[PDB]
Structure formats: structure tokens, C-alpha cells
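Enquirer: need coordinates for the following:
(chains A and B)
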Amino acid sequence: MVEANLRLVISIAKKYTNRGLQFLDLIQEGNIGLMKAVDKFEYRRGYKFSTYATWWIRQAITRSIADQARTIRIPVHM
DNA sequence: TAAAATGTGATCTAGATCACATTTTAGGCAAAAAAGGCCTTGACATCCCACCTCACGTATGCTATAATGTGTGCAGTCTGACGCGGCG
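Expert: Residues are numbered from 1 along each chain as shown, chains lettered A, B, ... in the order given. Take a look:
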């Protein structure tokens, strides 16, 4: 599953590899959200998988950029 | 020889005498008491300490139409010598 959907991970990743942090870190975090979605996904919902891990990936990257990527940590609320 | 010094002598005038009683008052010796030095007491004032203390802030979780191989805006190519790994 994971080795299959790596291209989803990288595709979504490089929408956000504008000069925020760096490519490969967005990619790696994307693989983390991917592994979550593989751990959680239900076939019985019968939907496509792409959407599910799209959400999960996007969460993971979207707050790893914010936790990291600065010398001064601004937490999520600000 | 000009100009300053020298005798008339009786009539006075501010202080000293002189023995003894009474003050004083030292000065200096004993000290009473008061006001510092010693401590205490009551009363205040201000805390240090810390002991709590709720609101706001913060660490973390999912969101099911679906979407799946970068690139990406740069460098302008300095150059002469010296090592080293191919390169026959």
C-alpha cells in the first residue's frame, strides 16, 4: 500500500514545497500521514483510498511545517 | 649773646596706715539624681513566604467524491599549477 501511494505523498507534498522549509521533509512527513491512513482506512466505507490519506497526509505536513520550520516555535493557535 | 635753665618757699592733696571682725568661697571632696548607655516591653507596620488558583494557553486528534516521477529559475563559463584516476 505505502510503496504504491508514495506518488500521492510526493504529489501533494510538492504543492507545499514552496520555499517554506524544504522538499524531502514535506515528503517524509507525508509518508507519516500515509502510514496513518494505511493503519486507519476501511474498505467497508467503499470509498477511494486517495481521499482518506489525502486528508491524513495533509494534516501531517500541514502541522510539521508549523511545529518545525522556525528557529522560534510559534504554537498552532497563533 | 640768644635762648633755654634755675632759684622763692609756703600752701596745699590723692593714697597709705593699721589691728581686727566677718564673708565667702572656693576648690575640691562626697554625692543625689538625671540623662545617656544598657536592656526590656508593647504596639505597629510591613512585609517575606509561600501557598494556593482560576483563565488562558497549549499539546494533541480527525476531516472518507477524488486527486499519484522533480525540474524551475539560477550559473556564467577567471586561470595557471599540481595531484590523481583513468586512459591507451
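Enquirer: now for the residue most central in space within chain A: which residues touch it?
Expert: The geometric centre of chain A, computed from its C-alpha atoms, lies nearest to residue A:57 (Cα atoms, centre = their mean), at 2.4 Å. Contact analysis of residue A:57 by Cβ atoms under 8 Å, 6 or more residues apart in numbering lists A:8, A:9, A:12, A:13, A:30, A:33, A:34, A:37. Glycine gets a C-beta too; all of them are placed from N, C-alpha and C.
Enquirer: near DNA strand B, from the residues you listed?
Expert: residue A:8 (Cβ under 7 Å from any atom of the strand).
Enquirer: make JSON lines out of the contacts of residue A:57 and add secondary structure and neighbour count.
Expert: Below are these laid out as JSON lines (DSSP: H, G, I helix; E, B strand; the rest coil; neighbours: other Cβ atoms under 10 Å):
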{"residue": "A:8", "secondary structure": "helix", "neighbour count": "17"}
{"residue": "A:9", "secondary structure": "helix", "neighbour count": "26"}
{"residue": "A:12", "secondary structure": "helix", "neighbour count": "20"}
{"residue": "A:13", "secondary structure": "helix", "neighbour count": "22"}
{"residue": "A:30", "secondary structure": "helix", "neighbour count": "27"}
{"residue": "A:33", "secondary structure": "helix", "neighbour count": "24"}
{"residue": "A:34", "secondary structure": "helix", "neighbour count": "24"}
{"residue": "A:37", "secondary structure": "helix", "neighbour count": "25"}
